[PDB]
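K.L.:
One structure, pasted below without further comment.
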RNA sequence: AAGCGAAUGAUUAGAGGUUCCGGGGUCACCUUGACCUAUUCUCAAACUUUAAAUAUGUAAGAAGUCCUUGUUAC
RNA sequence: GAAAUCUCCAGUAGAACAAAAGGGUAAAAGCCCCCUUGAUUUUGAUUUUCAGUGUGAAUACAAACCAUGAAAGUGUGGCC
RNA sequence: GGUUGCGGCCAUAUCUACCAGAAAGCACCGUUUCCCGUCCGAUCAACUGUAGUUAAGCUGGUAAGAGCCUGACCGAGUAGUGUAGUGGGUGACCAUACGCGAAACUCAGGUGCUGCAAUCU
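Chains as they are written, first to last, in this note's numbering: chain E, 2 to 160; chain H, 117 to 408; chain F, 4 to 225; chain P, 80 to 248; chain V, 15 to 138.
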């Protein structure tokens, strides 16, 4: 018949990467997780105790609980017309810090830093990010750079 | 022996310190991991190692990017404390065990309390936390790849450290002088090991029986003319000396590290460059095809 | 059972279904010999390389390759002898086609259910081909060229769809263009290996490069 | 040349075969106990072939290993029966070699009743000082090619000892 | 393979000395049966056999066994001038070649030439 | 998608190399029965190094950032 | 004797892990050896199936008491 | 700059051959009273750093080295794919427009990097 076991359709999600099988590198247990940290979920298949369900692999959510060897992660979940809250028992072997949040955090220190000097001199320090603006005008010189012409190449079998 | 490309292409080398064999990562996972409700409280490891002609015991906390050392009291420093001839025996491990204990306690501000055991009978007396006082510095022994075995030197340092006040969790099962009928360590026998009685009794029994082995061996002893029963004195004198001043100083040194680098650079084999790598192949291609 | 017409299995409708441990009970391919002609000639003996290339994406039934192979051999052999060419059937019959076995006897509606559990049993093999993939490759001396093209033309007629006779610029079955292979063969980086040739790489242990290719080092030095 | 690159006697392993089990293993073990002075072990059959009446873990073989000056001495007294000469065969590509005899019971000491007659097998295992590098628990590594053992060094090493010549056939 | 724990001796004749003596002097240390045989007279019956043996011994150097000579006279004695040589002995078929050793010295030749195939009973 | 001169599975063609664990033809005698190595062709839904496009998680703050020092049986 | 047992070398796992397949495992999750019963008690929370119901299975814990280990730690049944 | 103890990233570190190693250190190495363990002081354990020693191990270097890691306007804007068309094509499929864009291949490099502590001509 049909099976929907706790770990079905995971032939490749819990495979250890090529030449990355075996022991988990020891920095994993050394990273410190504080309630409020934003972490993602990448279940290294080697550690079998405390694996997440295959739906959460890649889902990024905050940490709400910190335990002896596990941490509690909150993940929003698509169920019908509403998002549910899913509190997960996750061994730290399957998680890592999200590098997206730290980029925002270091930016905040950068925003605070440049606003600090803006307090002294140079008001209107333009805190907000700017997307890629349309490129301004420029002069394209031709010293030694005469535009060399091109012609479409005739079809050749090349076989 | 003439391996193919497939073996080399898909070979997963274990972590470097396992390739060299010096590090056991299976234990290290459960020696460096921390109860996460103790977020940034580093776990201290009493690392004990046995090079030949020395003993290395350390207190190490494993941070993210490596391991920092509180204090590292090797055994080739016991000459400044008094023990000179014999730097690996069971008594030497116990002496450096108490040394690395007192050194860090005097470093972390707990010298005044936790005096360990002053009169040492080698009893399994763990340093209980003093009422209304800071808890004893709890360190965890990390023997390494060596084998747990009754009467081992690494557990000699273990008993030495705990007897120095540095509360390290352990049990009396693997101490020397163990009885399989009664689960107790013989105080007379264990303290004999502490003062190096096992070495001393071996010497005096050799001197009783023969002269050749007693003379070919222990010829460090012969220079200073110290009796077998005089070992307890020098060990006890050094034990109090270690208690007196374990603060440690680095050796005076000669030829400052700049001279160390300068002289080592000349003898150290250097590495060629790509132009030189391409230069010499011309010699080899000329030699192997020059009218050959 | 009578063989189903090839019109049914023309297209690449189904995903590949090769012989494996999940595909146990299958007959064997009709085509067994893939290299014909003077197959053991050296590379230089047959400079010209001609390809019969499919211009479309369909399935060549295994036995259609065998059917065209006998015809391509037979005109070529009788026109320029046995050993004037070497043809290689590049594509291979790995796709196993399925047939739903049927009863067409009197009142077979009773004993058979129709489409319930209608997973088909293995019917044969076929070669999956896409656009531009070579079907047949003949290599021969250049004067033989009219014969091999016409011989390939007779073989084209056993195949569904449209195929093209392309005169490849490569030197025989090698991956090198004619003018620059001549430079390579002249410079002496080429040792035959029964039917094909070995190339000297600028990378490798020079002692082994010397072992296989002494003439290159002599040619440069001289 | 270099003193510890010289070959030295490291282990001699002595094995037999006894298809069945019972009192024949007692005599087949008391022969080695009196001979080597140390009790051997009875290796258990890993598999069952049924072509020999042997079942799994039947202790069908008695073997012992001897090292040190006793090993050389029992080899010295073990090459008298081999006439301190040997075949070019019996030499492994890794520098080990061996041979098998058919009786040592009244060859070693006076025969005592209920011990019988058994054939005994030798395999000399030679390599050079420093073999601990592949046997220590910590920092286990390998040995250099100059430190390896081949047929060339051992046959040469087998010449100046025992006044022996190889390829007797 | 000649020198073992103890070099075998025949009737008080050392192994190395066992390699030296001729035919005539062996009758002193020979049993009566073989002694009577020689006493009645060995009249050139082994001589033609005995001369080709020396030809084979000289033509064969070390590193290999001497060429297998052959005969039928089961009645011949083991004589020290056949020592260290291999001979096949006729039995009806398929000559069986035996190396002659000093511990073999003085016996007959017919104890090797098994003229009858040993009888095997049972399933086989 | 791509890859098999990369793992497993298949696969066409050859080229070069064996213990007395088979010369089947004169005893070690060229001796056709191997596997191993460097190539060559074509593959794979229940193979894969690698690996898109689309789709997909989170973040883009005032419930935040920084500083000072109070509670706790943790 | 191809295949009885011994010895050595190469051995990225081509073995084994009760049982289907897959994933995972090298001083091990494999083979051997020692001790043991945590395959225990109280409940609660969480994940999958999902109505965020139950059953089943599982993860993390806490209060306990034990087991092992020198210890860290691991263990609330079977590597998943 | 070398060594050791503990390491972080986990082949740029691996693998196969050859060469080199001052001082220190490492190791090999020497011996079995006690502890401990094994068929076997080979493993382990103890003890001497004493008899020696670079032969190893280890470290570094060498290879038009395999491999591994980077890049490349090398392949290739290729294959593929999102969107659209009253586009072509009998169909199979293909081209086009707006986008994204590989992998193999080839070439050019590189062969560990550091962290704590002690030590070394």
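Here a beta-carbon is modelled for each residue, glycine too, at the ideal position from N, C-alpha and C.
Taking all protein chains shown into account, decide if residue 180 of chain H is buried (16 or more other Cβ within 10 angstroms of its Cβ) or exposed.
P.N.:
Its Cβ having fewer than 16 others within 10 Å, residue 180 of chain H is exposed.
K.L.:
For residue 316 of chain H, which beta-bridge partners are listed by DSSP?
P.N.:
DSSP lists no partner for residue 316 of chain H.
K.L.:
Give the residues of chain P in contact with residue 269 of chain H, contact being defined as C-beta atoms less than 7 Å apart.
P.N.:
Under the 7 Å cutoff, chain P gives no residues; its nearest Cβ is about 14 Å from residue 269 of chain H.
K.L.:
So, does the CB of residue 161 of chain P fall closer than 7 Å to a CB anywhere in chain H?
P.N.:
So, not an interface residue.
K.L.:
Here's a check: name, in chain order, each residue in its chain whose Cβ is nearer than 7 Å to the Cβ of residue 86 of chain V, leaving out the five neighbours to either side.
P.N.:
103, 104.
K.L.:
Which of helix, strand or coil does DSSP assign to residue 110 of chain P?
P.N.:
Reduced to three states, the DSSP call for residue 110 of chain P is helix.
K.L.:
Give the single residue among H/394, H/151, H/122, H/134 whose Cα lies nearest to the Cα of residue 217 of chain P.
P.N.:
Out of H/394, H/151, H/122, H/134, H/134 has the C-alpha closest to the C-alpha of residue 217 of chain P.
K.L.:
Distance cutoff 7 Å, beta carbons only. Does residue 382 of chain H sit that close to anything in chain E?
P.N.:
Chain E contact via Cβ: absent.
K.L.:
Would you list, in chain order, the members of the segment 196 to 217 of chain H that have their beta-carbon closer than 9 Å to a beta-carbon of chain E?
P.N.:
Listed in sequence order: no entries.
K.L.:
Buried or exposed for residue 319 of chain H, please, with buried defined as at least 16 other CB atoms from any protein chain shown within 10 angstroms of its CB.
P.N.:
So residue 319 of chain H counts as buried.
K.L.:
Could you check whether the segment 387 to 403 of chain H touches the segment 38 to 45 of chain F, counting it as contact only if at least three pairs of C-beta atoms, one from each stretch, sit closer than 8 Å?
P.N.:
Short answer: they don't touch.
K.L.:
Under 8 Å by Cβ, that's how I've got residue 89 of chain P and residue 206 of chain P pegged, so tell me the actual separation to the nearest angstrom.
P.N.:
Contact holds; Cβ gap of about 6 Å.
K.L.:
In chain order, what residues of the same chain have a beta carbon less than 6 Å from the beta carbon of residue 112 of chain V, not counting five sequence neighbours either side?
P.N.:
The residues are 126.
K.L.:
Using a Cβ-Cβ cut-off of less than 9 Å, list which residues of the segment 62 to 85 of chain E approach chain H; keep chain order.
P.N.:
Per Cβ criterion, the list reads 67, 68, 69, 70, 71, 72.
K.L.:
In three-state DSSP terms, what is residue 330 of chain H?
P.N.:
Here residue 330 of chain H sits in helix by DSSP.
K.L.:
Starting from the beta carbon of residue 54 of chain F, find every residue of chain E whose beta carbon is closer than 8 Å, and list them in chain order.
P.N.:
Residues of chain E passing the Cβ test: 160.
K.L.:
Please confirm if the segment 128 to 142 of chain F is in contact with the segment 90 to 101 of chain F, defined as three or more CB-CB distances below 8 Å between the two stretches.
P.N.:
Touching, yes, given that three or more Cβ pairs across the two stretches are closer than 8 Å.
K.L.:
Helix, strand or coil for residue 182 of chain H? Go by DSSP, reduced to three states.
P.N.:
DSSP places residue 182 of chain H in strand when its eight states are reduced to three.
K.L.:
So, residue 448 of chain H versus residue 312 of chain H, is the Cβ gap smaller than 7 Å?
P.N.:
The first residue shown for chain H is 117 and the last is 408, placing residue 448 of chain H beyond what the model contains.
K.L.:
Any chance you could list the beta strand (DSSP E) runs of at least 3 consecutive residues sitting entirely within the segment 132 to 165 of chain H, in chain order?
P.N.:
The segment 132 to 165 of chain H contains these whole beta strand (DSSP E) runs: 160 to 165.
K.L.:
Consult DSSP for residue 17 of chain F and reduce its assignment to one of helix, strand or coil.
P.N.:
Here residue 17 of chain F sits in coil by DSSP.
K.L.:
Would the segment 169 to 185 of chain P and the segment 15 to 35 of chain V be scored as touching if the rule is three or more Cβ pairs under 8 Å?
P.N.:
With the cut-off at 8 Å, the segment 169 to 185 of chain P and the segment 15 to 35 of chain V do not touch.
K.L.:
Flag residue 156 of chain E as yes if its beta-carbon sits less than 7 Å from any beta-carbon of chain H, otherwise no.
P.N.:
Not an interface residue.
K.L.:
By alpha-carbon positions, which one of F/100, F/77, F/213 ends up nearest to residue 7 of chain F?
P.N.:
When only C-alpha atoms are compared, the closest one is F/100.
K.L.:
If you run the structure through DSSP and keep just helix, strand and coil, what is residue 101 of chain H?
P.N.:
Because chain H in this structure spans residues 117 to 408, residue 101 of chain H falls outside the shown range and cannot be described.
K.L.:
Quick one: using the 10 Å Cβ neighbour count with 16 as the cut-off for buried, is residue 174 of chain H buried or exposed?
P.N.:
Result: buried.
K.L.:
Ordered along the chain, which non-local residues of its own chain (more than five positions away) have a Cβ less than 8 Å from that of residue 146 of chain P?
P.N.:
So the qualifying residues of the chain are 88, 89, 90, 91.
K.L.:
Would you verify that the beta carbon of residue 224 of chain F is, or is not, closer than 7 Å to some beta carbon of chain H?
P.N.:
Yes - at least one Cβ of chain H is within 7 Å of the one on residue 224 of chain F.
K.L.:
Could you check what DSSP says for residue 340 of chain H in three-state terms: helix, strand or coil?
P.N.:
Residue 340 of chain H: helix per DSSP, three-state reduction.
K.L.:
Using the C-alpha atoms, what's the distance from residue 147 of chain H back to residue 285 of chain H?
P.N.:
Straight-line Cα distance between these residues: approximately 13 Å.
K.L.:
Can a CB atom of chain H be found closer than 7 Å to the CB of residue 22 of chain E?
P.N.:
For residue 22 of chain E, the answer is yes, since a Cβ of chain H falls inside 7 Å of its Cβ.
K.L.:
Output the residue ranges of the alpha helix (DSSP H) runs that lie fully inside the segment 204 to 270 of chain H and measure 4 residues or longer, sorted by chain position.
P.N.:
Complete alpha helix (DSSP H) runs here, min 4: 206 to 224.
K.L.:
Chain H partners of residue 13 of chain E, CB-CB under 7 Å?
P.N.:
Result: empty, since nearest Cβ-Cβ is about 18 Å, beyond 7 Å.
K.L.:
What does residue 209 of chain F reach in chain H if we use C-beta pairs closer than 8 Å?
P.N.:
In chain order: 397, 400, 401, 404.
K.L.:
Quick one, which residues of the segment 140 to 157 of chain H are near chain E if we go by CB-CB under 8 Å, in chain order?
P.N.:
For the segment 140 to 157 of chain H, which is checked against every Cβ of chain E, the residues closer than 8 Å are 141, 142, 144, 145, 148, 149, 150, 151, 152, 153, 155, 156.
K.L.:
May I ask you to list the residues that DSSP assigns as paired with residue 101 of chain E?
P.N.:
Its beta-bridge partners do not exist; DSSP assigns none.
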